[PDB]
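Novice:
Protein chains: 4
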Amino acid sequence: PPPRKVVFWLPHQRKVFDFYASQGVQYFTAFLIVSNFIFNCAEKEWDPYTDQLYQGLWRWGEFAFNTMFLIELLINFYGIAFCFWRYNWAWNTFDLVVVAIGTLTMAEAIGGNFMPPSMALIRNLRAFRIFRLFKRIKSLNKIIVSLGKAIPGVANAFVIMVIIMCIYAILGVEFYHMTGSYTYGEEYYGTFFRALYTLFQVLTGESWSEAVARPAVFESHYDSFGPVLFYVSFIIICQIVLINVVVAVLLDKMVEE
Amino acid sequence: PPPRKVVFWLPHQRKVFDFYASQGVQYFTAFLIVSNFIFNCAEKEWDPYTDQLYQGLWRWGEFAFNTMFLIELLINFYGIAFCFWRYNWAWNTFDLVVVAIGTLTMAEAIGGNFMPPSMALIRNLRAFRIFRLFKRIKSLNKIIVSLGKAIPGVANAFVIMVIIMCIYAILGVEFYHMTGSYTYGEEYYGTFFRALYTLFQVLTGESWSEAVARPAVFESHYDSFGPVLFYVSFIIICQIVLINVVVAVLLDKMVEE
Amino acid sequence: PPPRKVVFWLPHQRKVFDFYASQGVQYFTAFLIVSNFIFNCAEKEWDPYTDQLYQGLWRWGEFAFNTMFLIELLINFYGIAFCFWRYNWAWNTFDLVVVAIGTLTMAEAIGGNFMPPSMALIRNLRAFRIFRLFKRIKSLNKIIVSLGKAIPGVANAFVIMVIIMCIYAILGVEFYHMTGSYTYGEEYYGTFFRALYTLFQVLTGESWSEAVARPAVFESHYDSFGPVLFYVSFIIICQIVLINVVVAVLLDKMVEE
Amino acid sequence: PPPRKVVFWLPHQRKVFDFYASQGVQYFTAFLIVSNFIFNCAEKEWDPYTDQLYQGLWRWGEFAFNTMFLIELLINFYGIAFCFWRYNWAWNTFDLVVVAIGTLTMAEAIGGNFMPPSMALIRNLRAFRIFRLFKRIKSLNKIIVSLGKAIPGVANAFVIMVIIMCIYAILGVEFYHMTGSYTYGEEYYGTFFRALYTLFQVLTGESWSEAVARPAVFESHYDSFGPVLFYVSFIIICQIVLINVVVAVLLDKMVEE
Ligand SMILES: CC(C)CCC[C@@H](C)[C@H]1CC[C@H]2[C@@H]3CC=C4C[C@@H](O)CC[C@]4(C)[C@H]3CC[C@]12C
Ligand SMILES: CC(C)CCC[C@@H](C)[C@H]1CC[C@H]2[C@@H]3CC=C4C[C@@H](O)CC[C@]4(C)[C@H]3CC[C@]12C
Ligand SMILES: CC(C)CCC[C@@H](C)[C@H]1CC[C@H]2[C@@H]3CC=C4C[C@@H](O)CC[C@]4(C)[C@H]3CC[C@]12C
Ligand SMILES: CC(C)CCC[C@@H](C)[C@H]1CC[C@H]2[C@@H]3CC=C4C[C@@H](O)CC[C@]4(C)[C@H]3CC[C@]12C
Ligand SMILES: CC(C)CCC[C@@H](C)[C@H]1CC[C@H]2[C@@H]3CC=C4C[C@@H](O)CC[C@]4(C)[C@H]3CC[C@]12C
Ligand SMILES: CC(C)CCC[C@@H](C)[C@H]1CC[C@H]2[C@@H]3CC=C4C[C@@H](O)CC[C@]4(C)[C@H]3CC[C@]12C
Ligand SMILES: CC(C)CCC[C@@H](C)[C@H]1CC[C@H]2[C@@H]3CC=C4C[C@@H](O)CC[C@]4(C)[C@H]3CC[C@]12C
Ligand SMILES: CC(C)CCC[C@@H](C)[C@H]1CC[C@H]2[C@@H]3CC=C4C[C@@H](O)CC[C@]4(C)[C@H]3CC[C@]12C
Ligand SMILES: CC(C)CCC[C@@H](C)[C@H]1CC[C@H]2[C@@H]3CC=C4C[C@@H](O)CC[C@]4(C)[C@H]3CC[C@]12C
Ligand SMILES: CC(C)CCC[C@@H](C)[C@H]1CC[C@H]2[C@@H]3CC=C4C[C@@H](O)CC[C@]4(C)[C@H]3CC[C@]12C
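In the order they appear, the protein sequences are chains A, B, C and D. Here the first sequence stands for residues 341 to 597, where the numbers follow our numbering. Here the second sequence stands for residues 341 to 597, where the numbers follow our numbering. Here the third sequence stands for residues 341 to 597, where the numbers follow our numbering. Here the fourth sequence stands for residues 341 to 597, where the numbers follow our numbering.
#1: Taking 6 Å as the limit, name every residue whose beta carbon sits nearer than that to some heavy atom of ligand 1, in sequence order.
#2: Let me see if you follow: with CB-CB separation under 9 Å, is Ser549 (chain D) close to chain A or not?
#3: Any heavy atom of ligand 9 inside 8 Å of the beta-carbon of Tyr522 (chain D)?
#4: Just checking, does the region 484-492 of chain D make contact with the region 517-528 of chain C on the three C-beta pairs under 8 Å criterion?
#5: What are the boundary residues of the alpha helix (DSSP H) that includes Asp387 (chain D)?
#6: What are the complete alpha helix (DSSP H) segments, minimum 4 residues, inside the region 409-436 of chain D?
#7: Given this structure, state the Cα-to-Cα distance separating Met455 (chain A) from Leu511 (chain C), to the nearest angstrom.
#8: Just reading off the alpha helix (DSSP H) that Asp592 (chain B) is part of, what are its end residues?
#9: With 9 Å as the threshold, decide whether the Cβ of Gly493 (chain B) is near any Cβ in chain F.
#10: In chain B, what lies closer than 8 Å to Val502 (chain A) by C-beta?
#11: Quick one, what's near ligand 2 if you take every residue whose CB is closer than 7 Å to any heavy atom, in chain order?
#12: Report the neighbours of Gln541 (chain D) on chain C: residues whose CB is nearer than 8 Å to its CB, in chain order.
#13: By a C-beta neighbour count over all protein chains shown, 10 Å radius and 16 as the cutoff for buried, is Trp548 (chain B) buried or exposed?
#14: Which whole runs of the alpha helix (DSSP H) in the region 487-556 of chain B are 4 residues long or more, in chain order?
#15: Taking only beta carbons into account, state which residues of the region 452-467 of chain C come closer than 9 Å to chain B, listed in chain order.
#16: When DSSP labels each residue in this structure, what does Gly452 (chain A) get in the three-state scheme?
#17: Between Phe468 (chain C) and ligand 6, is the CB less than 8 Å from at least one heavy atom?
#18: Expressed to the nearest angstrom, what Euclidean distance is found between the alpha-carbon atoms of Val586 (chain C) and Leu543 (chain C)?
#19: Suppose you measure from the CA of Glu546 (chain D) to the CA of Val568 (chain D); what does that come to, to the nearest Å?
#20: Less than 9 Å between the C-beta atoms of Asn406 (chain C) and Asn432 (chain C), yes or no?
#21: Please tell me whether, using a cut-off of 8 Å, the distance from the CB of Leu511 (chain B) to the nearest non-hydrogen atom of ligand 6 is below it.
#22: CA-CA distance, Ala449 (chain B) and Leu413 (chain B)?
#23: Going by Cα to Cα distance, which pick from B:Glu559, B:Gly525, B:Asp435, B:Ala404 is closest to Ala447 (chain B)?
#24: Just to confirm, are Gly530 (chain A) and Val502 (chain A) a CB contact at a threshold of 9 Å?
#25: Using DSSP with H/G/I as helix, E/B as strand and the rest coil, what is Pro341 (chain A)?
#26: Would you tell me roughly how many angstroms separate the C-alpha atoms of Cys423 (chain D) and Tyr522 (chain D), rounded to the nearest one?
#27: Under the assumption that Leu539 (chain D) contacts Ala509 (chain D) (Cβ atoms under 8 Å), give the Cβ distance between them as a whole number of angstroms.
#28: Between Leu350 (chain C) and the rest of its own chain, which residues show a CB-CB distance below 7 Å, the 5 nearest in sequence each way excluded?
#29: If the cut-off is 9 Å on Cβ atoms, which residues from the region 526-538 of chain B count as contacting chain A, listed in chain order?
#30: What I want to know is whether the C-beta of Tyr528 (chain B) ends up closer than 8 Å to one or more non-hydrogen atoms of ligand 6.
#31: Can the beta-carbon of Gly396 (chain B) be found closer than 9 Å to that of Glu383 (chain B)?
#32: Return the chain-ordered list of same chain residues with a C-beta closer than 7 Å to the C-beta of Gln579 (chain B), the five sequence neighbours on each side being excluded.
#33: Count the other CB atoms within 10 Å of the CB of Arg469 (chain A); is the residue buried (16 or more) or exposed (fewer)?
#34: What does the alpha-carbon distance come out to for the pair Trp398 (chain D) and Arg534 (chain D)?
Okay, structure coming up:
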């Protein structure tokens with residue numbers, strides 16, 4: 341990409357900019373990204389406890405990785421005049437977000453917890469720094485741009501599927517919310533979200549064979565195969581036709597681009 | 341679409357017509373459709389019981405939504421001279437159907453149940469008003485027209501698959517209807533529909549491995565691997581080949597259109 | 341198709357031939373095929389027992405259907421001079437086969453069982469007469485010719501998959517034939533065919549998670565994750581990559597033709 | 341392929357070379373490859389024990405097959421001047437590897453075990469000689485070259501999927517490593533590799549529904565559906581979008597080539 345809107349106020353901008361954007365620095369920063377991800381994985385495997393053994397190790401290790409990423413972000417923003425809205429606005433925004441969260445956790449971990457502790461969920465976004473790798477390795481950036489363009493179509497397919505699942509959830513609560521009168525009804529179709537969750541399980545292959553009772557469906561008279569029809573129609577329509585519609589969207593975009 | 345057959349008998353027809361067909365009214369009615377669907381879902385989640393708590397709420401809420409949809413249908417039909425066979429015959433037919441069922445339930449819910457109670461299944465078609473949304477949101481109407489054109493070929497594939505499943509059901513009933521002599525035979529292959537249902541379960545991943553007994557298949561002599569051949573051939577031919585034939589039809593149409 | 345090799349020896353051949361090949365007779369024979377298939381299904385559902393109730397009904401019903409199909413085959417072969425190798429050789433061969441088996445069972449059922457009883461497996465080919473329907477209904481014949489051309493390429497994929505599955509069965513018998521020292525080893529990997537069958541189950545989604553024991557894989561030292569690698573590699577390669585290779589072949593042919 | 345770099349030092353090279361490369365010798369060696377694979381399978385089925393019955397049989401049988409393959413490799417290398425780097429370098433390299441391992445096992449099995457016994461894993465590469473068949477049967481070599489070119493893109497898709505799985509593995513150990521306080525936490529999310537393995541099981545259809553406890557998710561207040569969101573998002577994004585991305589890559593290459 342050509343830098344056209346980022347005019348040069350800074351003394352050495354054109355030099356530092358094309359220094360950072362060089363493929364050597366890109367692959368060195370990809371090295372740092374992958375090593376920091378492997379450091380997170382190593383913390384979670386060799387020391388997952390709440391009362392960590394090598395606690396310092398992980399504290400100072402992510403301290404060092406985060407200050408290196410802060411230095412890299414400063415190099416970048418010096419490169420394009422700290423604007424980051426003109427050139428590479430999306431990736432610069434993601435970089436700024438992750439480095440801000442990291443430096444916030446750093447400042448609080450060394451100099452006292454200023455933020456509430458239930459904010460601690462954000463102390464789990466370190467793992468997402470790895471997504472920046474999908475910008476350097478172009479074999480990965482290829483798949484990611486194909487995915488990012490297949491996303492609107494896929495999302496539309498998902499919304500249609502969600503609406504159909506909701507209709508089944510609405511019906512399931514109407515019909516089967518009293519079977520077993522926790523019964524099977526009261527628990528798997530008790531309310532709209534228990535039913536929506538039951539149908540999502542069934543959608544991904546969770547054996548809706550306990551819902552249908554063969555003695556009642558077959559041994560009884562010809563009026564009680566309603567649940568058979570319910571689950572057969574759901575399976576066919578949602579799982580076969582609509583998941584393959586999502587597939588079709590995915591493949592059409594993946595082979596068009 | 342151009343209105344060509346709907347000649348103007350009514351005083352203000354050309355004005356009210358293009359008023360209703362304007363994108364603003366389309367998105368307002370999409371708002372009403374989605375809010376009424378969410379009202380159905382809210383009734384089924386926050387009050388699913390047979391002796392409803394906030395009954396009055398759901399009764400008057402669907403009263404109001406249905407009278408608004410009746411007003412909208414009257415606006416539309418005034419727009420095209422109450423014909424609804426010339427312009428947009430399919431969607432106007434669906435609108436008329438759902439609004440008729442709704443107003444029937446309204447009249448009976450406020451002024452006494454004129455219809456039989458076992459007719460009550462139709463009091464569950466409210467949930468399908470949401471399908472009218474697939475006419476306004478064109479990202480959804482796109483997927484729906486692609487599906488509606490892929491449905492002929494897909495239906496043919498399903499019929500071939502059904503015929504193969506029926507052949508297996510006949511064979512299964514003929515052979516394995518006496519295993520365990522409810523046994524496994526009597527119940528999973530007892531009659532043609534128990535066998536057809538067993539094979540539909542197996543088709544969607546329900547662990548046929550209880551049908552095949554390893555001691556009998558392997559420990560016994562080399563004559564008893566019939567059920568292994570049965571289930572392996574069924575799995576291969578129906579599951580792999582024919583469900584991927586359904587997929588192939590789906591993708592061919594989804595990428596052609 | 342044009343009849344070019346079937347020269348006319350018979351007195352009224354050109355008339356009877358294009359009488360049989362007319363679309364009216366084709367759809368009447370499709371009616372007879374579907375009704376006879378539904379008669380087989382009705383026998384298996386409403387009377388599956390070995391000591392049939394309405395025996396006489398099924399006996400004389402398939403008697404009548406088989407004599408009608410014998411009359412139809414005679415009409416056809418009179419149509420093309422009893423050659424059936426020149427015109428429509430494949431479908432005429434299938435018709436001759438099924439009608440021969442049917443008339444054999446007829447002659448033995450009315451006039452004594454001339455053949456051995458363990459030949460009785462062929463008395464189950466009635467169900468396959470339905471395949472002749474795939475010649476009349478052209479929406480089905482379309483899917484069937486696309487399948488029949490995708491078969492030589494799907495078969496090769498299946499052979500590659502089988503070869504890969506035979507390698508994993510050899511390795512499974514080599515390694516895991518002694519676990520649990522019926523144990524899990526001696527039963528699921530005991531010999532080459534128990535292992536091949538275990539891997540076919542696992543291939544179609546049968547929960548390999550009982551093979552891998554988490555205490556042994558994780559609690560023990562770093563040398564015992566061999567079965568994890570075995571099943572992860574099998575799943576990836578065979579299930580994902582090779583079943584989607586079969587899919588790819590299927591879709592390429594289904595959209596090319 | 342034309343031999344252009346393999347100049348002729350040997351007396352009869354041009355004759356023996358095009359003798360070996362003739363289709364007759366290729367199909368005879370395909371016969372030997374398939375028969376030796378079936379000999380391995382027969383050893384594993386009819387004699388899988390550690391104290392083999394017909395031990396000699398298998399010993400001398402693989403002796404004979406390996407000396408025949410050694411003779412064939414010598415014929416080949418005499419054909420192209422023992423270079424095997426100029427002509428058909430990949431397949432000649434694979435042939436040399438497998439024949440070297442075989443002759444090593446032969447020499448040690450007849451004249452004493454020179455190598456360590458824990459090297460014995462290589463005594464299981466006989467099964468992979470069958471891959472050489474994928475060079476002779478061109479219907480198989482076709483599928484294999486299409487696969488070999490789809491492997492770069494597929495590998496990239498797998499790496500993206502692995503990174504997402506790792507991210508879920510890092511969040512799972514963070515959150516659910518204390519549920520049940522072996523518990524469910526301490527076993528299915530205990531460390532990073534238990535969590536990565538749990539998510540790989542779930543990815544291939546292993547019933548996450550035991551992780552999510554419906555009483556806690558629904559009966560409790562509206563704060564505890566975190567695991568529902570975890571597993572629903574994992575299923576959607578990895579199981580539905582990313583495995584179909586792998587499919588899409590596979591199909592694009594399989595239909596392009
Ligand atoms: C590619 C590389 C550079 C990425 C970084 C990985 C390194 C730095 C991480 C990954 C796993 C970590 C090691 C694994 C766990 C242990 C065992 C413990 O008793 C001492 C710390 C120690 C030894 C860690 C040190 C740091 C470590 C080695
Ligand atoms: C592509 C399709 C399958 C989308 C899947 C539908 C999703 C949205 C469904 C499946 C299960 C549903 C969840 C079931 C469980 C609960 C508990 C409820 O107290 C809060 C909402 C919540 C969290 C639901 C949100 C919507 C939900 C997550
Ligand atoms: C996507 C669209 C087509 C939804 C599927 C069409 C509708 C009509 C299908 C889906 C599930 C089916 C229902 C499932 C089973 C029952 C229960 C029984 O007591 C009455 C019939 C009834 C209610 C079926 C009627 C038809 C049905 C409602
Ligand atoms: C504007 C759209 C998105 C919302 C749909 C219409 C409105 C009226 C729907 C959305 C959610 C629904 C509410 C959900 C919660 C309840 C349950 C009960 O405690 C009082 C009624 C009440 C408050 C419902 C009233 C109707 C409701 C407010
Ligand atoms: C694979 C797809 C395309 C084919 C679908 C197969 C369908 C038609 C099969 C699967 C299970 C079968 C059902 C099994 C249960 C019964 C009970 C029986 O007393 C009435 C018929 C009925 C309801 C069957 C109808 C046909 C059926 C629903
Ligand atoms: C044209 C092709 C696809 C026809 C489809 C093949 C299916 C329908 C048929 C062909 C041969 C049949 C097999 C032949 C006979 C046996 C042995 C019997 O004791 C168990 C069933 C079993 C194993 C049959 C299963 C069904 C079967 C596999
Ligand atoms: C994945 C697809 C394409 C390959 C199919 C694999 C087939 C050939 C495998 C799966 C299970 C295997 C069977 C396992 C059971 C037995 C019992 C044995 O005593 C006779 C052979 C027999 C019948 C095997 C034949 C081959 C077999 C059927
Ligand atoms: C299809 C081709 C490319 C893949 C070849 C599969 C081979 C390379 C893979 C698949 C299964 C793997 C084996 C499965 C697990 C074990 C058990 C352990 O005791 C030794 C390692 C060993 C034996 C692995 C070695 C590598 C392995 C054999
Ligand atoms: C979805 C596909 C593409 C990604 C594959 C994920 C693979 C790499 C995951 C799934 C399960 C994981 C394994 C889980 C079990 C262990 C035990 C641990 O003590 C050694 C590592 C090892 C062997 C892990 C290696 C990585 C692993 C094999
Ligand atoms: C491409 C994908 C990775 C996009 C990002 C996925 C992330 C945002 C999704 C996947 C799983 C989700 C998490 C799963 C459930 C929980 C547990 C709860 O205690 C806090 C919310 C939290 C932590 C969710 C936050 C958002 C989440 C982390």
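Where is the CB? At the ideal position from N, CA and C, for every residue including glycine.
Specialist: Taking the geometry as given:
#1: A:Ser375, A:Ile378, A:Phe379, A:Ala382, A:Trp386, A:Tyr394, A:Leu397
#2: Residue numbering aside, residue 549 (chain D) sits at position 209 when the fourth sequence is read from its first letter. Taking Cβ atoms only, chain A reaches closer than 9 Å to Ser549 (chain D), which makes this a yes.
#3: Taking the first residue of the fourth sequence as position 1, residue 522 (chain D) is located at position 182. Checking the Cβ of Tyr522 (chain D) against ligand 9 gives no.
#4: no
#5: If you number the fourth sequence from 1, residue 387 (chain D) lands on position 47. Neither: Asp387 (chain D) is in no alpha helix (DSSP H) and is coded neither H nor E.
#6: none
#7: As a working mapping, residue 455 (chain A) is identified with position 115 in the first sequence. As a working mapping, residue 511 (chain C) is identified with position 171 in the third sequence. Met455 (chain A) and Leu511 (chain C): Cα-Cα distance of roughly 56 Å.
#8: Looking up residue 592 (chain B) in the second sequence gives position 252. Per DSSP, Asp592 (chain B) belongs to the alpha helix (DSSP H) from 583-596.
#9: The displayed structure is made up of protein chains A, B, C and D, and chain F is not among them.
#10: By 1-based counting over the first sequence, the position of residue 502 (chain A) is 162. Within 8 Å Cβ-Cβ: nothing; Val502 (chain A) doesn't reach chain B, min ~11 Å.
#11: A:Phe498, A:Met501, A:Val502, A:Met505, A:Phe533, A:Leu536, A:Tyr537, A:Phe540, A:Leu543, D:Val557, D:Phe558, D:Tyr562, D:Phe565, D:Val568, D:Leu569, D:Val572, D:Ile576
#12: Walking along the fourth sequence from the start, residue 541 (chain D) turns up at place 201. By Cβ distance, chain C contributes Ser549.
#13: On the second sequence, position 208 is the one that residue 548 (chain B) refers to. By the neighbour-count rule (16 or more Cβ atoms within 10 Å), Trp548 (chain B) is buried.
#14: 532-543
#15: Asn464, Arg466, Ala467
#16: By 1-based counting over the first sequence, the position of residue 452 (chain A) is 112. It is coil, neither helix nor strand.
#17: Looking up residue 468 (chain C) in the third sequence gives position 128. At least one heavy atom of ligand 6 is nearer than 8 Å to the Cβ of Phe468 (chain C), so yes.
#18: Here residue 586 (chain C) corresponds to residue number 246 of the third sequence, with the count starting at 1. Here residue 543 (chain C) corresponds to residue number 203 of the third sequence, with the count starting at 1. Roughly 14 Å between the two C-alpha positions.
#19: The count along the fourth sequence starts at 1 and reaches residue 546 (chain D) at position 206. The count along the fourth sequence starts at 1 and reaches residue 568 (chain D) at position 228. Whole-angstrom Cα-Cα distance: 16 Å.
#20: Start at 1 with the first residue of the third sequence, and residue 406 (chain C) comes out as number 66. Start at 1 with the first residue of the third sequence, and residue 432 (chain C) comes out as number 92. No, the Cβ-Cβ distance between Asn406 (chain C) and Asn432 (chain C) is not below 9 Å.
#21: Residue 511 (chain B) sits at position 171 when you count from the first residue of the second sequence. For ligand 6, at least one heavy atom lies less than 8 Å from the Cβ of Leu511 (chain B).
#22: Here the question's residue 449 (chain B) lines up with position 109 in the second sequence. Here the question's residue 413 (chain B) lines up with position 73 in the second sequence. Each residue's alpha carbon lies about 21 Å from the other.
#23: As a position in the second sequence, residue 447 (chain B) is number 107, starting the count at 1. The shortest C-alpha separation from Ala447 (chain B) is found at B:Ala404.
#24: Mapped onto the first sequence, residue 530 (chain A) falls at position 190. Mapped onto the first sequence, residue 502 (chain A) falls at position 162. No, the Cβ-Cβ distance between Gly530 (chain A) and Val502 (chain A) is not below 9 Å.
#25: Stepping through the first sequence from its first residue, residue 341 (chain A) is reached at position 1. The answer is coil: DSSP assigns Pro341 (chain A) none of H, G, I, E or B.
#26: One-based indexing of the fourth sequence puts residue 423 (chain D) at position 83. One-based indexing of the fourth sequence puts residue 522 (chain D) at position 182. Spanning the two alpha carbons is a distance of roughly 59 Å.
#27: The residue you call residue 539 (chain D) lines up with position 199 of the fourth sequence. The residue you call residue 509 (chain D) lines up with position 169 of the fourth sequence. That belief holds up - the Cβ atoms of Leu539 (chain D) and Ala509 (chain D) are roughly 6 Å apart, short of 8 Å.
#28: Your numbering for residue 350 (chain C) matches position 10 in the third sequence. Cβ neighbours of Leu350 (chain C) beyond the five flanking positions: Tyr418, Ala421.
#29: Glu527, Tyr528, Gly530, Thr531, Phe533, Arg534, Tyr537
#30: For the purposes of this step, residue 528 (chain B) is taken as residue 188 along the second sequence, with counting starting at 1. Incorrect: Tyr528 (chain B) has no Cβ contact closer than 8 Å to ligand 6.
#31: Against the second sequence, residue 396 (chain B) aligns to sequence position 56. Against the second sequence, residue 383 (chain B) aligns to sequence position 43. No, these two residues do not count as a Cβ contact at 9 Å.
#32: Stepping through the second sequence from its first residue, residue 579 (chain B) is reached at position 239. Cβ neighbours of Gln579 (chain B) beyond the five flanking positions: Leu543.
#33: Here residue 469 (chain A) refers to the residue found at position 129 of the first sequence. Its Cβ being crowded by 16 or more others within 10 Å, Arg469 (chain A) is buried.
#34: Reading the fourth sequence from its first residue, position 58 is the one you call residue 398 (chain D). Reading the fourth sequence from its first residue, position 194 is the one you call residue 534 (chain D). Spanning the two alpha carbons is a distance of roughly 41 Å.
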